[PDB]
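Okay, so here's just one chain, in structure tokens, the form deposited in one PDB entry.
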């Protein structure tokens, strides 16, 4: 048996009668599927527990995810190998706590609402990967550190300091947040983890055998930024949003790193400095994407690699062969330094 617990937000005001109707239809369908559970609502939040055979639960959950009446759905707990039902008599019991005025329920209602409001704010400041660990029954704070091979991804906005000097503060934050949204969506789609934002820079990582996905994510980010620049409104600062990207591979420490007050689940190791140094090299090259030979040698697809004769690294141990991809993007550029001049002239005049 499987049991799922999730919370969600009303997409729109729902009357008491609409909530009842959801419970009625839910009861009718769940009974046929030998599914049981409970549905609670409180001040625009749904809480639901569903239990039954895993095959049936998975299908019902997918349907519920498509329901336009709620949004921001977060699974808090996914129990598998369950051997005893919690709510055996309830195909779907619906409890509208807004309408309840029992005396002993009152203080529990207040606490649940206060905790939920706080939880839903903290979710926005937490990486989603933490939630999947929690939902599976593991406390991420107890994960022991391990050494593991990763592909490290660094991307950094070109000449961001210019934006900050020429634009109102709200517009500056809008540009950087737009950049982070573009990169996060594509990295996550390719199976990477965005682990930290460092000013105008994205730090992410992929599994050590996922060089092909790291390369593809990088190429797709560069293409998305070109579309964004070309399709932005007249006078928009997004027209001069450019990035570099550097990739490196190596053994890093993955674990909980920080103080008693605040920790991060993240990585530590030399491959991080190598990726950051390679990203910085793009300011001196025509190419916006650079990566080390270890990344090139770990790829399995027949990428259009180009070997670059600009291995002037610093801080390394024995230098590094540098590669890029030769396509329409990394080829037709004004290079770096020329781009930085272009950004200042454009922003001076808007």
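Residue numbers count along the first chain shown, from 1. So that the term is clear: the rigid core is the largest set of C-alpha atoms that superpose within 1.5 Å between two forms.
Same protein, other form: the form deposited in another entry, not shown, and the subject of what follows.
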- Query: Of 187, 211, 225, 272, which is the single residue whose C-alpha shifts by 2 angstroms or more between the shown form and the other one after core superposition?
  - Reply: 272
- Message: Quick check: residue 161 between the shown form and the other one - does its CA shift reach 2 Å or more after fitting the rigid core?
- Response: no
- Item | Core-superposed comparison between the shown form and the other one, residue 238 Cα displacement 2 Å or beyond | no
- After the core is overlaid between the shown form and the other one, has the C-alpha of residue 282 moved by 2 angstroms or more? no
- Query: Which is it in the other entry for the CA atoms of residue 294 and residue 270, closer or farther than here, knowing they shift by 3 Å or more?
  - Reply: farther
- Query: How does the CA gap of residue 270 and residue 298 change in the other entry versus this form, closer or farther, if it moves 3 angstroms or more?
  - Reply: farther
